[PDB]
Amino acid sequence: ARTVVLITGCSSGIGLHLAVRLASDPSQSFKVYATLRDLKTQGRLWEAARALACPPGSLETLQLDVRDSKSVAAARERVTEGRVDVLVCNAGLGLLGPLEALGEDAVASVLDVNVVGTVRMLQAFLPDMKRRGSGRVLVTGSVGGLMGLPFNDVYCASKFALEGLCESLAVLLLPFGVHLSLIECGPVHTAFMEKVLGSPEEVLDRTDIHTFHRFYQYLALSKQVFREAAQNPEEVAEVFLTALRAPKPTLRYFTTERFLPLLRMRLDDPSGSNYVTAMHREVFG
Amino acid sequence: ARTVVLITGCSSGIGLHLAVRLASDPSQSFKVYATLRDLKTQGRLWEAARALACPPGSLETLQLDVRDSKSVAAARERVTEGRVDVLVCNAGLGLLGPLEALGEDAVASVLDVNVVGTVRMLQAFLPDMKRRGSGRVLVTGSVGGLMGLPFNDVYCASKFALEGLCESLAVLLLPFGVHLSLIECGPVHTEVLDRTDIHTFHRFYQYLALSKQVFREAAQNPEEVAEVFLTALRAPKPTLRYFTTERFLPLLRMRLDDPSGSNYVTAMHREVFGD
Ligand SMILES: NC(=O)c1ccc[n+]([C@@H]2O[C@H](COP(=O)([O-])OP(=O)(O)OC[C@H]3O[C@H](n4cnc5c(N)ncnc54)[C@H](O)[C@@H]3O)[C@@H](O)[C@H]2O)c1
Ligand SMILES: NC(=O)c1ccc[n+]([C@@H]2O[C@H](COP(=O)([O-])OP(=O)(O)OC[C@H]3O[C@H](n4cnc5c(N)ncnc54)[C@H](O)[C@@H]3O)[C@@H](O)[C@H]2O)c1
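What counts and how
Residues numbered from 1 in each chain as written, not as in the entry; some residues may be left out. Chains lettered and ligands numbered in written order. Heavy atoms only, no water. Pairing = 2+ DSSP bridges. Helix = DSSP H or I, 4+ residues; strand = E, 2+ residues; numbered from the N terminus. Axes fitted to C-alpha atoms, helices over the stretch in contact; angles between N-to-C directions. Contact = heavy atoms within 4.5 Å. Parallel < 35°, antiparallel > 145°, perpendicular 65-115°, else oblique. Left-handed = near helix turned anticlockwise from the far one by under 90°. Nonpolar A, V, L, I, M, F, W, Y, C, P; charged D, E, K, R; others polar. Near = heavy atom within 4 Å. Polar contact = N/O pair within 3.5 Å; in protein donor to acceptor, adjacent residues only side chain to side chain. Areas by Shrake-Rupley, 256 points an atom, 1.4 Å probe, with all protein chains shown as cover. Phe/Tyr/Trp six-rings, centres within 6.5 Å; stacked < 30°, edge-to-face > 60°. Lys NZ or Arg CZ within 6 Å of the ring centre and 35° of its normal. Buried area = accessible area lost by both parts, 1.4 Å probe. Salt bridge = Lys/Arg side-chain N within 4 Å of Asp/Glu carboxyl O. Buried < 20%, exposed > 50% of the residue type's maximum accessible area, 1.4 Å probe, protein only. Right-handed = clockwise from strand over helix to strand, strands pointing away. 1 Å grid on protein atoms, 1.4 Å probe; cavity = no way out; pocket = protein on both sides within 12 Å on 5 of 7 lines; lining within 4 Å. Points joined across faces, edges and corners; volume = space filled by probe spheres on them.

Its PDB header attributes the entry to X-ray crystallography and lists the resolution as 3.1 Å.

So this is what it looks like as C-alpha cells:
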C-alpha cells in the first residue's frame with residue numbers, strides 16, 4: 001500500500017493489534033512492517049491478520065530485537081520502500097516488586113528494552129525522516145511515565161525516562177516536520193503484567209514482612225483497578241490511529257481521561273507532597 | 001558523631017560542599033561518610049575539611065563506584081556505626097548532543113550511573129532504614145529531569161528516570177518512617193559531524209553557544225545547593241522535592257498547565273532558538 005508504518009513489539013497486545021488494524025484498514029492506505037523480537041512467535045499476528053483479512057502485501061513481519069543495535073540496523077534495510085512514514089515505538093517490559101527484591105539483570109533489561117530500545121530505534125529511523133522533512137514517530141506511553149506507582153519503581157523510571165527523551169527530541173524536531181507523540185495508556189488488558197510477578201517465596205525471602213505485606217495489598221488494589229478500568233488493545237489501537245491521522249499532532253494523546261484528575265493534582269502541587277499523599281492513601285489507604 | 005550520613009560523588013561540586021558543610025556543622029552532629037569514585041582525586045575534600053575545621057572522626061572517605069553492586073556492598077559494609085541516618089544519592093553524568101550522534105556506550109553509561117546507580121544504593125540501603133523505621137534519602141535531582149531539553153535527550157531521560165523512581169518509593173516508604181527528596185537543580189558551577197545531518201548540525205551548534213551563555217547567567221554555587229540539601233535535611237516534614245532556585249518555576253508551571261505537551265514544546269523551542 002502507501003503509508004509505510006513500522007512497529008516494534010508485535011507477537012501480542014498493542015503491537016499485534018495496532019499492526020493488524022492498520023494492515024486491515026479499509027482505505028488500504030498503509031503497508032505495515034510488524035516486527036517481532038523473535039520471529040518464531042508470529043503465528044498469533046498471522047491469524048489475527050487473516051482473522052481481519054489484511055489484503056496480501058499489507059503486512060510483512062521482520063525480526064527486531066530492540067536490545068540488538070545490529071538487529072535494528074538489519075530490520076531497516078529490509079524495508080523496501082526506502083522510507084518509514086510512521087515508526088511506532090512499542091516494545092516494552094514490565095517489572096513489579098519490592099525495590100530490593102528485583103534482579104540486577106532485570107533492572108537492566110527493563111531499561112535496555114524500555115529506554116535504550118527506543119533510543120536505538122529513533123537513532124536508526126529519525127535521521128532519514130529529518131532529511132525528508134516528513135515522518136511520524138509514535139511511542140506507547142504509560143500512566144506510569146506521568147505519575148509514580150508504588151512497587152513499580154524501575155518500570156516507572158523507564159516510562160518516566162521515555163517522556164524525558166521524547167519531549168526533549170520534540171523541541172528539536174519541531175522545525176523538521178517529524179512529529180513525535182507519546183500515547184499514554186492507563187491499564188491495558190494484555191498480559192503485559194502476566195509476564196511480571198515473582199512468587200511469594202521470592203518476594204518473601206527478598207524483603208521485610210511489613211513490605212511483603214504492602215505488596216499484596218497493592219497487588220489486590222491493582223487487580224481491582226485492572227478488572228475495573230483496563231482498556232482493550234483494540235481501543236488503544238484506535239488512539240495511535242487518531243494521533244496518526246491528526247495533521248498537527250500534540251506531544252501527548254490520552255487513551256483515557258481516567259487518571260486525568262490525578263495527573264492534574266500533580267502538576268498543581270510542585271512540592272509533590274500532595275500527590276504522594278493521595279497515591280499513598282489511594283493505594284494503601 | 002550521631003547522624004551518620006553516606007554521600008556519593010564527593011571529590012568536587014555538591015558532594016564536596018555537602019560533605020564538609022555537614023562535617024563542620026556547628027552542632028557537631030553528623031558523621032560523614034564522603035565516598036568517591038577514585039580516592040586518588042580526594043585532595044580538595046580533605047583540603048576543604050581540613051581548611052574547614054572538622055571534628056576529628058567527623059569525616060571519612062570510602063571508594064564507591066555506583067556502577068558496581070559489589071563496590072556498593074563494601075562501602076555499605078564499611079559504615080561502622082550500623083545505621084545510616086542520611087544516604088545522599090548524588091553521583092551523576094551529563095551526555096550532550098545530536099541523538100543519532102551519541103554512541104551506544106555513552107548512552108548506556110549515563111543510564112547506568114544516573115539511574116541504575118541510584119537503584120543500587122537504594123536497594124543497598126532502604127531495607128535497614130525500613131527496619132529502623134527511620135532514615136532520610138536526599139537525591140540530587142535536576143531541572144532537565146523536570147522538563148525536556150534539546151540536545152540532552154539521554155540525560156533528560158536519565159534524570160526523568162530518577163523522578164519516577166523516587167516518586168515511586170516516596171509513596172510506599174511513607175509508612176516506614178523513611179523520607180525521600182529531590183534537590184532539583186539548575187546549572188551549578190563545577191563523531192558529531194560524521195554522525196549527523198547539516199540542519200541538525202547547526203541547531204546543535206546554535207544550542208551550545210546559547211547554553212554556555214545561560215549557564216554562566218544561571219549557574220549557582222555548590223555552597224548554595226548544599227544549603228538546600230541541609231534545609232531539607234532539617235525538615236521535620238520533608239517534601240518530595242526542594243528547589244535550589246525559582247528561575248525555572250514559571251516554565252515548570254507552564255508544563256504542568258497543558259497536559260498535551262504542546263505549549264512547552266513551543267515555549268522551549270522558542271527559548272532556545274529565538275526566531
Ligand atoms: N499492558 C498494559 O496495561 C500497558 C499499559 C500502558 C503501556 N504499556 C506499554 O505498551 C507496550 C506493549 O505492552 P503490552 O501491554 O502490549 O504487552 P505485551 O508484552 O503483550 O507486548 C509487548 C511487545 O513488545 C515486547 N518486547 C519485549 N522485549 C522486546 C525486545 N527485546 N524486542 C522487541 N520487543 C520486545 C514483547 O515481546 C511484545 O512483542 C509496552 O511499551 C508497554 O510498557 C502496556
Ligand atoms: N552542576 C550542574 O549544573 C547540575 C545540575 C543539576 C543536577 N546536577 C547533578 O549533580 C550531580 C553531580 O554533581 P555535579 O553536577 O557537580 O558533578 P561532578 O562531576 O562535579 O561530581 C563528581 C563526583 O561524582 C563522580 N562520579 C561519577 N561516577 C560516579 C559513581 N558511579 N559513583 C560515585 N561518584 C561518581 C566523581 O567520582 C566525583 O566523586 C549529578 O546528579 C548531576 O546530574 C548538576
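Turning to the sheet that holds strand β4 (residues 86–89) of chain B, a few remarks are in order. Residue and element names in this part refer to chain B. Strands sit in the order β3-β2-β1-β4-β5-β6-β7 across an open sheet of seven strands; the sheet is parallel. Here the strands that pair on one side only, and so sit at the sheet edges, are β3 (59–63) and β7 (241–243). Recorded for the sheet is a direction-independent mean angle of 20 degrees between the axes of neighbouring strands. Two strands pair when backbone bridges link them, and strand β6 (residues 178–185) and β7 are joined in this way by three bridges, in the parallel orientation. Looking across to β7, one finds that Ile183 is bridged to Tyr242. Contacting β1 (3–7), β2 (30–36), β3 and β4, helix α1 (residues 13–23) runs over the sheet at an angle of about 160 degrees to β2.

Glancing now at the packing of α1(B) against helix α2 (residues 43–51) of chain B. All names here are of chain B. Where α1 contacts α2, the two axes come as close as 9 Å, and the packing angle between them is 30 degrees. Considering their axes alone, α1 and α2 lie roughly parallel with respect to each other. Two packed elements cross with a definite hand, and for α1 against α2 that hand is right-handed. Counting all contacts with α1, which are made through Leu16, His17, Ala19 and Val20, the residues of α2 involved are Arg44, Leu45, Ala48 and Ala49. Of the residues contributing to the contact of α1 with α2, the split by class is six nonpolar, one polar and one charged.

A separate point is the sheet that holds strand β4 (residues 86–89) of chain A. The strands making up a sheet associate through backbone hydrogen bonding, with each pair oriented either parallel or antiparallel. Residues and elements named next belong to chain A. If you walk across this open sheet you meet the seven strands as β3-β2-β1-β4-β5-β6-β7, and the pairing is parallel. Either end of the sheet is taken by a strand with one partner, and the two such strands are β3 (59–63) and β7 (252–254). Averaged over all pairs of adjacent strands, the angle between their axes in this sheet comes to 20 degrees, without regard to strand direction. Set on the sheet, helix α4 (residues 104–132) makes contact with β1 (3–7), β4, β5 (135–140) and β6 (178–184); between it and β4 the angle comes to about 170 degrees.

On to the site of ligand 2, then. Residues and elements named next belong to chain B. Contacts to ligand 2 come from 21 residues, most closely from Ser12, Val66, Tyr155, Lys159 and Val188. Interatomic distance of 2.7 Å between a side-chain N/O atom of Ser12 and an oxygen atom of ligand 2. Contacts to ligand 2 include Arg37, whose side-chain N or O atom sits 3.2 Å from an oxygen atom. Within the complex, 86% of the 820 Å² of free accessible area of ligand 2 lies under protein. Listing elements by their share of the shell around ligand 2, those giving two or more residues are β5 (135–142) and α5 (153–173). For the shell around ligand 2, the leading source of residues is β5, giving three residues. Looking at side-chain class alone, the shell around ligand 2 contains eight nonpolar, ten polar and three charged residues.

With that settled, the discussion passes to the packing of aromatic side chains. Applying the stated rule across the entire model yields ten aromatic pairs over all chains. On the numbers, 6.3 Å between centres and 65 degrees between planes, the contact of B:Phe204 with B:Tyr205 is edge-to-face. Grouping aromatic residues by their ring pairs yields a cluster made of A:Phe151, A:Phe212, A:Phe215, A:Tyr216, A:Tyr218 and A:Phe284. For the cation-ring pair, B:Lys130 lies above B:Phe176, with the distance from its terminal atom to the ring centre recorded as 5.4 Å. The ring centre of B:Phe273 lies 5.6 Å from the NZ or CZ of B:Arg203, which sits over that ring.

In this assembly, 59 residues from chain A lie in contact with 63 residues from chain B. Of the roughly 5100 Å² buried between chain A and chain B on both sides combined, carbon and sulfur atoms contribute 69%. The residue A:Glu167 makes a salt bridge to B:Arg255 at a minimum N-O spacing of 2.7 Å. Mapped by element, the contributors of at least two residues to the side of chain A that touches chain B are α4, α5 (153–173), α7 (209–229), β7, α9 (260–268) and α10 (273–284) of chain A. Take the side of chain A that touches chain B: its biggest share by element is 15 residues, from α5(A). Its residues assigned to classes, the side of chain A that touches chain B comprises 34 nonpolar, 13 polar and twelve charged.

For B:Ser260, the position within the fold is in the loop between α9 (249–255) and α10 (262–273). When neighbours within four sequence positions are excluded, B:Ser260 is seen to be in contact with A:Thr250, A:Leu251 and A:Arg252.

Residue and element names in this part refer to chain A. For the structure shown, the criterion picks out 31 salt bridges over all chains. For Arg83, the salt bridge is made with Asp85, and the minimal N-O distance between the two is 3.4 Å. On the basis of relative accessible area, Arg83 is assigned to the partly exposed category, the value being 25%. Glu163 serves as the salt-bridge partner of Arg252, at 3.2 Å between the closest nitrogen and oxygen. Taken together, the residues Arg252 in strand β7 and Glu163 in helix α5 connect sequence positions 89 residues apart. A relative accessible area of 7% places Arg252 in the buried class. The class of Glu163 is buried, set by a relative accessible area of 2%.

Residue and element names in this part refer to chain B. Going residue by residue along β4, you find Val86 and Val88 tucked away on one face and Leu87 and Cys89 tucked away on the opposite face as well. As defined by bridge partners, β1 adjoins β4 across three bridges and the pair is classed as parallel. Within the sheet, the bridge partner assigned to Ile7 lies in β4 and is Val88. Here β4 pairs with β5 via four bridges, running parallel. In the strand pairing of β5, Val86 is matched with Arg136. In this fold, β4 hands off to helix α4 (residues 104–132), which returns the chain to β5; that crossover is right-handed.

This next bit is on the site of ligand 1. All names here are of chain A. Near ligand 1 there are 28 residues, and of these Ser12, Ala91, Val188, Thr190 and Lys195 occur at the shortest range. The side chain of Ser12 places a nitrogen or oxygen atom 3.0 Å from an oxygen atom of ligand 1. Note that a nitrogen atom of ligand 1 is positioned 3.3 Å from one of the backbone N or O atoms of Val66. Contact with the protein chains hides 94% of the accessible area of ligand 1, taken as 810 Å² for the molecule alone. Taken together, the elements giving at least two residues each to the shell around ligand 1 come down to α1 (13–24) and α5. Of the residues belonging to the shell around ligand 1, the class tally is 13 nonpolar, ten polar and five charged.

A word on empty space enclosed by the protein. Taken as a whole, the largest cavity holds about 400 Å³ of empty space. Lining the largest cavity are 27 residues, and of these A:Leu146, A:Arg266, A:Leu267, B:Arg255 and B:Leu256 lie nearest its centre. Contributions of two or more residues to the lining of the largest cavity are made by α5, β7 and α9 of chain A together with α5, β7 and α9 of chain B. Grouping the constituent residues of the lining of the largest cavity by class yields 14 nonpolar, four polar and nine charged. For the second largest cavity, the calculated volume is near 110 Å³. Lining of the second largest cavity is provided by 15 residues; of these, B:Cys89, B:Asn90, B:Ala91, B:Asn114 and B:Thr118 occupy positions nearest its centre. If you list the elements that add at least two residues to the lining of the second largest cavity, you get α4, β5 and α5 of chain B.

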